[PDB]
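The file start09.cif contains mmCIF, C-alpha atoms and all ligand atoms:
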```cif
data_work
#
loop_
_atom_site.label_atom_id
_atom_site.label_comp_id
_atom_site.auth_asym_id
_atom_site.auth_seq_id
_atom_site.Cartn_x
_atom_site.Cartn_y
_atom_site.Cartn_z
CA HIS A 3 0.00 0.00 0.00
CA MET A 4 3.15 2.22 -0.05
CA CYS A 5 2.28 4.14 -3.16
CA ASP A 6 -1.52 3.76 -3.35
CA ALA A 7 -2.30 7.44 -3.86
CA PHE A 8 0.22 7.61 -6.78
CA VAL A 9 -1.22 4.70 -8.74
CA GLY A 10 -3.08 5.56 -11.91
CA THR A 11 -2.88 7.46 -15.16
CA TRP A 12 -1.94 11.09 -14.98
CA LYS A 13 -1.87 13.76 -17.72
CA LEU A 14 0.37 16.86 -17.77
CA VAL A 15 -1.63 20.04 -17.36
CA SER A 16 0.99 22.70 -16.61
CA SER A 17 4.72 23.23 -16.67
CA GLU A 18 7.00 25.95 -15.41
CA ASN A 19 10.70 26.46 -16.16
CA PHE A 20 11.15 23.12 -17.87
CA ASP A 21 13.24 24.62 -20.68
CA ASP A 22 15.68 26.02 -18.11
CA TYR A 23 15.77 22.71 -16.27
CA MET A 24 16.59 20.90 -19.48
CA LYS A 25 19.31 23.46 -20.31
CA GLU A 26 20.85 22.94 -16.87
CA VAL A 27 20.80 19.20 -17.41
CA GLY A 28 22.65 19.66 -20.73
CA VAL A 29 19.86 18.98 -23.21
CA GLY A 30 20.50 20.45 -26.66
CA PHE A 31 18.33 22.87 -28.53
CA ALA A 32 16.29 20.63 -30.82
CA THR A 33 15.57 18.06 -28.11
CA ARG A 34 14.50 20.86 -25.71
CA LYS A 35 12.07 22.26 -28.22
CA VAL A 36 10.41 18.90 -29.04
CA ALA A 37 10.52 17.63 -25.48
CA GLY A 38 9.12 20.87 -24.13
CA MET A 39 6.07 20.57 -26.37
CA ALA A 40 5.13 17.14 -25.06
CA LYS A 41 2.09 16.65 -22.83
CA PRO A 42 2.93 13.22 -21.42
CA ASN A 43 0.78 10.76 -19.60
CA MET A 44 2.52 9.32 -16.55
CA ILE A 45 1.24 5.81 -15.67
CA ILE A 46 2.14 4.51 -12.21
CA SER A 47 1.46 0.96 -11.07
CA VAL A 48 2.62 -1.32 -8.27
CA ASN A 49 2.91 -5.11 -8.17
CA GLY A 50 4.30 -6.36 -4.87
CA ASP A 51 7.48 -4.42 -4.19
CA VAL A 52 7.94 -3.43 -7.79
CA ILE A 53 6.87 0.05 -8.89
CA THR A 54 6.52 0.82 -12.60
CA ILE A 55 6.40 4.37 -13.96
CA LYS A 56 5.71 4.84 -17.67
CA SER A 57 5.79 8.20 -19.50
CA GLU A 58 3.96 8.18 -22.82
CA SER A 59 4.24 11.16 -25.12
CA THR A 60 4.67 12.18 -28.63
CA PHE A 61 8.40 12.92 -27.77
CA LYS A 62 9.58 9.61 -26.25
CA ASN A 63 7.88 6.77 -24.37
CA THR A 64 9.82 5.62 -21.31
CA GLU A 65 9.34 2.90 -18.71
CA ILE A 66 11.13 2.22 -15.45
CA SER A 67 10.49 -0.55 -12.93
CA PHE A 68 12.24 -0.53 -9.58
CA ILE A 69 12.30 -1.43 -5.92
CA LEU A 70 12.56 1.44 -3.47
CA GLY A 71 16.15 2.09 -2.37
CA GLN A 72 17.65 -0.25 -4.99
CA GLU A 73 19.76 1.43 -7.68
CA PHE A 74 19.01 0.71 -11.36
CA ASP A 75 20.40 1.85 -14.73
CA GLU A 76 17.96 4.16 -16.70
CA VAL A 77 18.15 5.62 -20.20
CA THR A 78 16.36 8.94 -19.93
CA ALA A 79 14.11 10.48 -22.58
CA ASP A 80 16.98 12.78 -23.61
CA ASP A 81 19.29 9.72 -23.91
CA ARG A 82 21.37 10.14 -20.77
CA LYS A 83 22.60 6.85 -19.34
CA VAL A 84 22.12 7.35 -15.62
CA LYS A 85 22.23 5.41 -12.36
CA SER A 86 18.94 6.00 -10.56
CA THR A 87 17.65 5.37 -7.08
CA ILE A 88 14.07 6.05 -6.00
CA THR A 89 13.05 6.25 -2.36
CA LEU A 90 9.98 7.30 -0.42
CA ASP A 91 10.73 10.22 1.97
CA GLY A 92 7.83 11.40 3.99
CA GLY A 93 5.28 10.22 1.34
CA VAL A 94 7.25 11.86 -1.54
CA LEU A 95 8.84 9.72 -4.20
CA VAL A 96 12.41 10.99 -4.58
CA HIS A 97 14.20 9.96 -7.80
CA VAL A 98 17.93 10.73 -8.00
CA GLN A 99 19.81 10.33 -11.27
CA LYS A 100 23.63 10.24 -11.35
CA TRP A 101 25.74 10.50 -14.53
CA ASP A 102 29.11 11.98 -15.48
CA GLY A 103 29.62 13.30 -11.96
CA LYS A 104 26.29 15.25 -12.14
CA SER A 105 23.06 14.67 -10.24
CA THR A 106 19.45 15.66 -10.70
CA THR A 107 16.43 14.95 -8.50
CA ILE A 108 12.83 14.47 -9.52
CA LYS A 109 10.26 14.51 -6.70
CA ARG A 110 6.70 13.28 -7.20
CA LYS A 111 4.11 14.37 -4.63
CA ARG A 112 0.32 14.00 -4.26
CA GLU A 113 -1.21 17.40 -3.51
CA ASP A 114 -4.99 17.69 -3.53
CA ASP A 115 -6.17 15.88 -6.72
CA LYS A 116 -2.86 16.58 -8.48
CA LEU A 117 0.43 14.83 -8.82
CA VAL A 118 3.16 17.48 -8.68
CA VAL A 119 6.57 16.77 -10.18
CA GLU A 120 9.49 18.93 -9.08
CA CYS A 121 12.69 18.61 -11.09
CA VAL A 122 15.87 20.14 -9.71
CA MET A 123 19.31 20.52 -11.38
CA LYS A 124 21.74 22.69 -9.33
CA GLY A 125 19.81 25.95 -8.63
CA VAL A 126 17.12 25.38 -11.30
CA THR A 127 13.72 23.95 -10.45
CA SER A 128 10.91 23.06 -12.78
CA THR A 129 7.40 22.28 -11.55
CA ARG A 130 5.10 20.09 -13.63
CA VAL A 131 1.53 19.47 -12.56
CA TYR A 132 -0.44 16.37 -13.58
CA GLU A 133 -4.14 15.58 -13.12
CA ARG A 134 -5.93 12.24 -13.34
CA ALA A 135 -6.57 11.23 -16.92
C1 LIG B 201 11.80 15.20 -15.96
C2 LIG B 201 10.46 14.90 -16.57
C3 LIG B 201 9.34 15.34 -15.96
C4 LIG B 201 8.01 15.09 -16.48
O1 LIG B 201 7.05 15.38 -15.78
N1 LIG B 201 7.85 14.50 -17.72
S1 LIG B 201 9.00 14.23 -18.72
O2 LIG B 201 9.08 15.42 -19.48
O3 LIG B 201 8.89 13.05 -19.47
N2 LIG B 201 10.39 14.18 -17.81
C5 LIG B 201 11.54 13.44 -18.29
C6 LIG B 201 12.35 14.22 -19.28
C7 LIG B 201 11.86 14.40 -20.58
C8 LIG B 201 12.61 15.11 -21.49
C9 LIG B 201 13.86 15.65 -21.16
CL1 LIG B 201 14.71 16.52 -22.36
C10 LIG B 201 14.35 15.52 -19.86
CL2 LIG B 201 15.84 16.20 -19.41
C11 LIG B 201 13.60 14.77 -18.96
#
```

The structure in this file should be written as structure tokens.
Ligand SMILES: CC1=CC(=O)NS(=O)(=O)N1Cc1ccc(Cl)c(Cl)c1
Amino acid sequence: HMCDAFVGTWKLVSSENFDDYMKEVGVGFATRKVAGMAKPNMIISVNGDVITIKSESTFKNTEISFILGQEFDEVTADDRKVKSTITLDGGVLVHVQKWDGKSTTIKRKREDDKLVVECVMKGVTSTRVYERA
């Protein structure tokens, strides 16, 4: 029951500062433009200890499955090869990606009827708000 309130299909309804976040991460111009246009659906499911998060968009479909606290290798939508660990901290899913001596953190939180995604790279934060599909 660890992630019950996250489970479901979620659609992006607003974004702030995502271009800047992508710049800070090192994403190039053409990928930023196409990726920034996307309105993904985020599909979260749980089977036993295994959490699966899919992102489906016109840019790039991704899928990760993981156990909390157990590092895994992830190829991101922008084609970074990262080492990821996802933990629950006070009811927030905290997803850390490490690559090339860099780190970024994506937090997913349930707030009211929304799922709020906060993406941080150094001093740059992007906030993306999803609603149930
Ligand atoms: C971080 C993030 C938040 C989200 O809510 N949806 S998303 O856009 O698929 N995404 C992954 C991502 C997509 C594209 C790029 Cl270019 C980068 Cl760096 C990351």

Could you list, with a cut-off of 8 Å and counting all atoms listed in the file, the residues of chain A near ligand LIG 201 (chain B), each shown with its nearest atom pair and the distance in Å rounded to one decimal, rows sorted by chain and ascending number, as JSON lines?
```
{"residue": "A:14", "atom": "CA", "partner": "B:LIG201", "partner_atom": "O1", "distance": 7.1}
{"residue": "A:23", "atom": "CA", "partner": "B:LIG201", "partner_atom": "CL2", "distance": 7.2}
{"residue": "A:24", "atom": "CA", "partner": "B:LIG201", "partner_atom": "CL2", "distance": 4.8}
{"residue": "A:27", "atom": "CA", "partner": "B:LIG201", "partner_atom": "CL2", "distance": 6.1}
{"residue": "A:28", "atom": "CA", "partner": "B:LIG201", "partner_atom": "CL2", "distance": 7.8}
{"residue": "A:29", "atom": "CA", "partner": "B:LIG201", "partner_atom": "CL1", "distance": 5.8}
{"residue": "A:33", "atom": "CA", "partner": "B:LIG201", "partner_atom": "CL1", "distance": 6.0}
{"residue": "A:34", "atom": "CA", "partner": "B:LIG201", "partner_atom": "CL1", "distance": 5.5}
{"residue": "A:37", "atom": "CA", "partner": "B:LIG201", "partner_atom": "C8", "distance": 5.2}
{"residue": "A:38", "atom": "CA", "partner": "B:LIG201", "partner_atom": "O2", "distance": 7.2}
{"residue": "A:40", "atom": "CA", "partner": "B:LIG201", "partner_atom": "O2", "distance": 7.0}
{"residue": "A:41", "atom": "CA", "partner": "B:LIG201", "partner_atom": "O2", "distance": 7.8}
{"residue": "A:42", "atom": "CA", "partner": "B:LIG201", "partner_atom": "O3", "distance": 6.3}
{"residue": "A:44", "atom": "CA", "partner": "B:LIG201", "partner_atom": "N1", "distance": 7.5}
{"residue": "A:57", "atom": "CA", "partner": "B:LIG201", "partner_atom": "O3", "distance": 5.8}
{"residue": "A:58", "atom": "CA", "partner": "B:LIG201", "partner_atom": "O3", "distance": 7.7}
{"residue": "A:59", "atom": "CA", "partner": "B:LIG201", "partner_atom": "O3", "distance": 7.6}
{"residue": "A:61", "atom": "CA", "partner": "B:LIG201", "partner_atom": "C8", "distance": 7.9}
{"residue": "A:62", "atom": "CA", "partner": "B:LIG201", "partner_atom": "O3", "distance": 7.6}
{"residue": "A:64", "atom": "CA", "partner": "B:LIG201", "partner_atom": "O3", "distance": 7.7}
{"residue": "A:78", "atom": "CA", "partner": "B:LIG201", "partner_atom": "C11", "distance": 6.5}
{"residue": "A:79", "atom": "CA", "partner": "B:LIG201", "partner_atom": "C7", "distance": 4.9}
{"residue": "A:80", "atom": "CA", "partner": "B:LIG201", "partner_atom": "CL1", "distance": 4.6}
{"residue": "A:108", "atom": "CA", "partner": "B:LIG201", "partner_atom": "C1", "distance": 6.6}
{"residue": "A:119", "atom": "CA", "partner": "B:LIG201", "partner_atom": "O1", "distance": 5.8}
{"residue": "A:120", "atom": "CA", "partner": "B:LIG201", "partner_atom": "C3", "distance": 7.8}
{"residue": "A:121", "atom": "CA", "partner": "B:LIG201", "partner_atom": "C1", "distance": 6.0}
{"residue": "A:130", "atom": "CA", "partner": "B:LIG201", "partner_atom": "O1", "distance": 5.5}
{"residue": "A:131", "atom": "CA", "partner": "B:LIG201", "partner_atom": "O1", "distance": 7.6}
{"residue": "A:132", "atom": "CA", "partner": "B:LIG201", "partner_atom": "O1", "distance": 7.9}
```

Could you write those residues out with C-alpha atoms, as an mmCIF file, keeping the file's coordinate frame?
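Writing the result to out32.cif gives the following:
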```cif
data_model
loop_
_atom_site.group_PDB
_atom_site.id
_atom_site.type_symbol
_atom_site.label_atom_id
_atom_site.label_comp_id
_atom_site.auth_asym_id
_atom_site.auth_seq_id
_atom_site.Cartn_x
_atom_site.Cartn_y
_atom_site.Cartn_z
ATOM 1 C CA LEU A 14 0.370 16.860 -17.770
ATOM 2 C CA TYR A 23 15.770 22.710 -16.270
ATOM 3 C CA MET A 24 16.590 20.900 -19.480
ATOM 4 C CA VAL A 27 20.800 19.200 -17.410
ATOM 5 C CA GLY A 28 22.650 19.660 -20.730
ATOM 6 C CA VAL A 29 19.860 18.980 -23.210
ATOM 7 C CA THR A 33 15.570 18.060 -28.110
ATOM 8 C CA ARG A 34 14.500 20.860 -25.710
ATOM 9 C CA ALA A 37 10.520 17.630 -25.480
ATOM 10 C CA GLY A 38 9.120 20.870 -24.130
ATOM 11 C CA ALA A 40 5.130 17.140 -25.060
ATOM 12 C CA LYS A 41 2.090 16.650 -22.830
ATOM 13 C CA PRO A 42 2.930 13.220 -21.420
ATOM 14 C CA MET A 44 2.520 9.320 -16.550
ATOM 15 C CA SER A 57 5.790 8.200 -19.500
ATOM 16 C CA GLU A 58 3.960 8.180 -22.820
ATOM 17 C CA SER A 59 4.240 11.160 -25.120
ATOM 18 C CA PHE A 61 8.400 12.920 -27.770
ATOM 19 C CA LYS A 62 9.580 9.610 -26.250
ATOM 20 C CA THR A 64 9.820 5.620 -21.310
ATOM 21 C CA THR A 78 16.360 8.940 -19.930
ATOM 22 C CA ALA A 79 14.110 10.480 -22.580
ATOM 23 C CA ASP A 80 16.980 12.780 -23.610
ATOM 24 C CA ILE A 108 12.830 14.470 -9.520
ATOM 25 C CA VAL A 119 6.570 16.770 -10.180
ATOM 26 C CA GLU A 120 9.490 18.930 -9.080
ATOM 27 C CA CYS A 121 12.690 18.610 -11.090
ATOM 28 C CA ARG A 130 5.100 20.090 -13.630
ATOM 29 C CA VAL A 131 1.530 19.470 -12.560
ATOM 30 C CA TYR A 132 -0.440 16.370 -13.580
#
```

request  = Tell me, in Å to one decimal, how far CA of residue 47 (chain A) is from CA of residue 12 (chain A).
outcome  =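 We find that CA of residue 47 (chain A) and CA of residue 12 (chain A) lie 11.4 Å from each other.
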
request  = Compute the distance from (19.2, 6.3, -9.6) to each atom, counting all atoms listed in the file, keep the residues with any atom at most 10 Å away, and return them as a list in words; use the coordinates of the file.
outcome  =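 Here is the list of nearby residues: residues 68, 71, 72, 73, 74, 75, 76, 84, 85, 86, 87, 88, 89, 96, 97, 98, 99, 100, 101, 105, 106 and 107 of chain A.
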
message = Which polymer residues, whether protein, DNA or RNA, lie within 10 Å of the coordinate (11.9, -3.9, -11.7) when you count only C-alpha atoms? List them as number ranges by chain, using the chain letters and numbers from the file.
response = A: 49, 51-54, 66-70, 72, 74

message = So the first atom is CA of residue 17 (chain A) and the second is CA of residue 55 (chain A); what is the distance between them in Å, to one decimal place?
response = 19.1 Å

task = Do a neighbour search on residue 112 (chain A) at 12 Å with all atoms listed in the file, toss out local chain neighbours closer than 3 positions, and write the hits as a VMD selection string.
result = chain A and resid 5 to 10 12 92 to 95 109 115 to 120 131 to 134

key: Length of the CA of residue 45 (chain A) to CA of residue 65 (chain A) vector [Å]   = 9.1 Å

ask   = Using all atoms listed in the file, which residue out of A:110, A:91, A:103, A:83 lies closest to residue 129 (chain A)?
value = A:110

Emit region 21-37 of chain A of the structure in the block as a file comprising N, CA, C and O atoms, as a compact mmCIF listing (two decimals), in the first residue's frame.
```
# COMPACT_ATOMS: atom_id res chain seq x y z
N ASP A 21 12.16 24.34 -19.74
CA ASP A 21 13.24 24.62 -20.68
C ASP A 21 14.57 24.87 -19.93
O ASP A 21 15.61 24.34 -20.30
N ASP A 22 14.50 25.73 -18.93
CA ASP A 22 15.68 26.02 -18.11
C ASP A 22 16.21 24.78 -17.40
O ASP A 22 17.42 24.64 -17.28
N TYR A 23 15.33 23.95 -16.88
CA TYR A 23 15.77 22.71 -16.27
C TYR A 23 16.52 21.85 -17.28
O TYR A 23 17.62 21.36 -17.01
N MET A 24 15.94 21.68 -18.45
CA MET A 24 16.59 20.90 -19.48
C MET A 24 17.94 21.50 -19.89
O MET A 24 18.92 20.80 -20.10
N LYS A 25 18.02 22.83 -20.00
CA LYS A 25 19.31 23.46 -20.31
C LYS A 25 20.34 23.10 -19.26
O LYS A 25 21.48 22.79 -19.57
N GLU A 26 19.94 23.19 -17.96
CA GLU A 26 20.85 22.94 -16.87
C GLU A 26 21.32 21.49 -16.89
O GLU A 26 22.48 21.22 -16.56
N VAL A 27 20.44 20.56 -17.29
CA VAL A 27 20.80 19.20 -17.41
C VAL A 27 21.76 18.93 -18.59
O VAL A 27 22.55 18.01 -18.48
N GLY A 28 21.76 19.79 -19.57
CA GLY A 28 22.65 19.66 -20.73
C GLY A 28 21.94 19.24 -22.02
O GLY A 28 22.59 18.93 -22.99
N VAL A 29 20.62 19.34 -22.05
CA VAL A 29 19.86 18.98 -23.21
C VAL A 29 20.06 20.03 -24.31
O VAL A 29 20.01 21.19 -24.08
N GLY A 30 20.27 19.56 -25.53
CA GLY A 30 20.50 20.45 -26.66
C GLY A 30 19.22 21.04 -27.21
O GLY A 30 18.12 20.61 -26.90
N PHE A 31 19.39 22.04 -28.09
CA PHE A 31 18.33 22.87 -28.53
C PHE A 31 17.15 22.07 -29.12
O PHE A 31 15.99 22.29 -28.70
N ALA A 32 17.40 21.22 -30.10
CA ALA A 32 16.29 20.63 -30.82
C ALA A 32 15.53 19.68 -29.91
O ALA A 32 14.27 19.66 -29.93
N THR A 33 16.23 18.93 -29.07
CA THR A 33 15.57 18.06 -28.11
C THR A 33 14.77 18.91 -27.14
O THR A 33 13.63 18.53 -26.77
N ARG A 34 15.27 20.03 -26.61
CA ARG A 34 14.50 20.86 -25.71
C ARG A 34 13.21 21.30 -26.35
O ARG A 34 12.17 21.34 -25.70
N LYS A 35 13.26 21.74 -27.60
CA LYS A 35 12.07 22.26 -28.22
C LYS A 35 11.02 21.17 -28.35
O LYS A 35 9.83 21.41 -28.05
N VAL A 36 11.39 20.00 -28.86
CA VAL A 36 10.41 18.90 -29.04
C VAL A 36 9.96 18.34 -27.71
O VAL A 36 8.77 18.06 -27.52
N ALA A 37 10.86 18.16 -26.78
CA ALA A 37 10.52 17.63 -25.48
C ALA A 37 9.63 18.61 -24.71
O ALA A 37 8.72 18.20 -23.97
```
